file my_file20.tsv (TSV, C-alpha atoms and all ligand atoms)
chain	number	residue	atom	x	y	z
A	1	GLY	CA	-14.04	20.79	-21.46
A	2	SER	CA	-13.58	22.13	-17.93
A	3	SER	CA	-10.96	23.36	-15.46
A	4	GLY	CA	-9.85	21.77	-12.21
A	5	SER	CA	-6.39	21.81	-10.65
A	6	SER	CA	-8.13	21.96	-7.28
A	7	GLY	CA	-8.52	19.59	-4.34
A	8	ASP	CA	-9.14	19.25	-0.61
A	9	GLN	CA	-6.90	18.32	2.32
A	10	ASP	CA	-6.67	14.59	3.06
A	11	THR	CA	-4.55	12.12	5.02
A	12	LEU	CA	-1.27	10.81	3.59
A	13	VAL	CA	-2.55	7.24	3.97
A	14	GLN	CA	-2.50	6.07	0.35
A	15	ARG	CA	-4.10	3.04	-1.30
A	16	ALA	CA	-3.32	0.49	-4.01
A	17	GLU	CA	-5.30	0.03	-7.23
A	18	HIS	CA	-6.55	-3.56	-7.37
A	19	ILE	CA	-5.82	-4.75	-10.91
A	20	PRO	CA	-7.83	-7.69	-12.29
A	21	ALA	CA	-6.33	-10.73	-14.00
A	22	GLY	CA	-5.48	-10.55	-17.70
A	23	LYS	CA	-5.50	-6.75	-17.67
A	24	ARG	CA	-1.73	-6.55	-17.23
A	25	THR	CA	1.14	-8.82	-16.20
A	26	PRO	CA	3.82	-6.50	-14.74
A	27	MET	CA	6.82	-7.52	-12.65
A	28	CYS	CA	6.40	-7.71	-8.87
A	29	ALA	CA	8.57	-5.54	-6.64
A	30	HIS	CA	9.38	-7.91	-3.78
A	31	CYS	CA	9.78	-11.25	-5.57
A	32	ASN	CA	10.17	-9.53	-8.94
A	33	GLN	CA	8.23	-12.21	-10.81
A	34	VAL	CA	5.73	-11.88	-13.66
A	35	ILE	CA	2.20	-11.65	-12.29
A	36	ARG	CA	-0.45	-13.75	-14.03
A	37	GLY	CA	-3.43	-13.00	-11.80
A	38	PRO	CA	-4.58	-9.75	-10.16
A	39	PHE	CA	-1.87	-7.50	-8.74
A	40	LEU	CA	-1.63	-4.27	-6.75
A	41	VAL	CA	-0.09	-1.12	-8.22
A	42	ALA	CA	1.27	1.36	-5.68
A	43	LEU	CA	4.30	3.57	-5.03
A	44	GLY	CA	4.90	3.48	-8.77
A	45	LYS	CA	5.30	-0.30	-8.81
A	46	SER	CA	3.43	-3.61	-8.70
A	47	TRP	CA	3.19	-6.17	-5.90
A	48	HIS	CA	1.62	-9.53	-5.04
A	49	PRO	CA	-1.67	-9.56	-3.07
A	50	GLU	CA	-0.22	-12.48	-1.12
A	51	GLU	CA	3.09	-10.93	-0.06
A	52	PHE	CA	2.06	-7.27	0.18
A	53	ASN	CA	2.18	-6.99	3.97
A	54	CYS	CA	3.03	-4.36	6.58
A	55	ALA	CA	6.58	-3.88	7.86
A	56	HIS	CA	5.68	-4.02	11.55
A	57	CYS	CA	2.34	-5.81	11.88
A	58	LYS	CA	3.15	-7.74	8.70
A	59	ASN	CA	-0.57	-7.72	7.92
A	60	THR	CA	-2.48	-7.70	4.63
A	61	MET	CA	-2.27	-4.17	3.22
A	62	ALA	CA	-4.64	-4.81	0.32
A	63	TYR	CA	-7.87	-3.26	1.58
A	64	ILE	CA	-6.52	-0.97	4.29
A	65	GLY	CA	-4.17	1.91	3.52
A	66	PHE	CA	-0.46	2.40	4.12
A	67	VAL	CA	2.20	5.09	4.57
A	68	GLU	CA	5.74	5.06	3.19
A	69	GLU	CA	8.64	6.20	5.38
A	70	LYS	CA	12.32	5.73	4.57
A	71	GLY	CA	11.47	2.58	2.63
A	72	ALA	CA	8.75	1.23	4.91
A	73	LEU	CA	5.00	0.82	4.44
A	74	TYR	CA	2.89	1.33	7.56
A	75	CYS	CA	-0.85	0.63	7.59
A	76	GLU	CA	-3.14	3.43	8.78
A	77	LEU	CA	-3.31	1.50	12.06
A	78	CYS	CA	0.44	1.48	12.69
A	79	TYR	CA	0.77	5.09	11.52
A	80	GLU	CA	-2.10	6.49	13.58
A	81	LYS	CA	-0.53	4.50	16.42
A	82	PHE	CA	3.00	5.89	16.11
A	83	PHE	CA	2.47	9.05	14.06
A	84	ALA	CA	-0.80	10.18	15.64
A	85	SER	CA	0.27	9.69	19.26
A	86	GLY	CA	-3.00	10.41	21.02
A	87	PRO	CA	-3.68	10.58	24.78
A	88	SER	CA	-2.80	7.48	26.79
A	89	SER	CA	-5.02	6.58	29.75
A	90	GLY	CA	-2.03	5.00	31.46
A	101	ZN	ZN	5.72	-10.99	-5.46
A	102	ZN	ZN	0.80	-2.14	10.18

call {"tool": "encode", "arguments": {"input": "my_file20.tsv", "output": "C-alpha cells", "more": "lines below"}}
Ligand SMILES: [Zn+2]
Ligand SMILES: [Zn+2]
result
Amino acid sequence: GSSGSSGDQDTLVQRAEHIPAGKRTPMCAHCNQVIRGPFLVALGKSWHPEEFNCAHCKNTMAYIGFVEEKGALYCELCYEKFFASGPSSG
C-alpha cells in the first residue's frame, strides 16, 4: 500500500460524475423521478441531464462546472462573473 492524505489548492468549481445507463437508477432531485438512462450525481444527489441547468443563466451545467451558494448552483461563468469581479473597462 501507500500513504496520501495530501492535495493541492484548486477552485471551488465542482463537477458532476456522468453516470451511464443501466449502471444505476436513482431518484432525481428536481423532479424526483426514477432515472432509466444516464444521470448526473453531484452535491450528494442525482439529477437529470435535461433539467440540470444554472439558476441565473439557466444553461446546461453538464460539461461545465458549478458552484453552490445558499441553495443555488452557479456555473464557473456566472461565478467568475460575480465572485471574481475583475477590472471593468467601463
Ligand atoms: Zn429530473
Ligand atoms: Zn450560469

call {"tool": "residues_around", "arguments": {"input": "my_file20.tsv", "residues": "region 22-35 of chain A", "least_positions_apart": "5", "cutoff": "10 Å", "atoms": "all atoms listed in the file", "output": "list in words"}}
result
residues 40, 41, 44, 45, 46, 47, 48, 51 and 52 of chain A

call {"tool": "atom_distance", "arguments": {"input": "my_file20.tsv", "atom1": "CA of residue 72 (chain A)", "atom2": "CA of residue 10 (chain A)"}}
result
20.5 Å

call {"tool": "closest_residue", "arguments": {"input": "my_file20.tsv", "among": "A:38, A:87, A:65, A:71", "to": "ligand ZN 101 (chain A)", "atoms": "all atoms listed in the file"}}
result
A:38

call {"tool": "residues_near_ligand", "arguments": {"input": "my_file20.tsv", "ligand": "ligand ZN 102 (chain A)", "cutoff": "6 Å", "atoms": "only C-alpha atoms and all ligand atoms", "output": "list in words"}}
result
residues 54, 56, 57, 74, 75, 77 and 78 of chain A

call {"tool": "atom_distance", "arguments": {"input": "my_file20.tsv", "atom1": "CA of residue 39 (chain A)", "atom2": "CA of residue 79 (chain A)"}}
result
24.0 Å

call {"tool": "closest_residue", "arguments": {"input": "my_file20.tsv", "among": "A:60, A:50, A:14, A:6", "to": "ligand ZN 101 (chain A)", "atoms": "all atoms listed in the file"}}
result
A:50

call {"tool": "atom_distance", "arguments": {"input": "my_file20.tsv", "atom1": "CA of residue 59 (chain A)", "atom2": "CA of residue 19 (chain A)"}}
result
19.8 Å

call {"tool": "closest_residue", "arguments": {"input": "my_file20.tsv", "among": "A:61, A:49, A:70, A:83", "to": "ligand ZN 101 (chain A)", "atoms": "only C-alpha atoms and all ligand atoms"}}
result
A:49
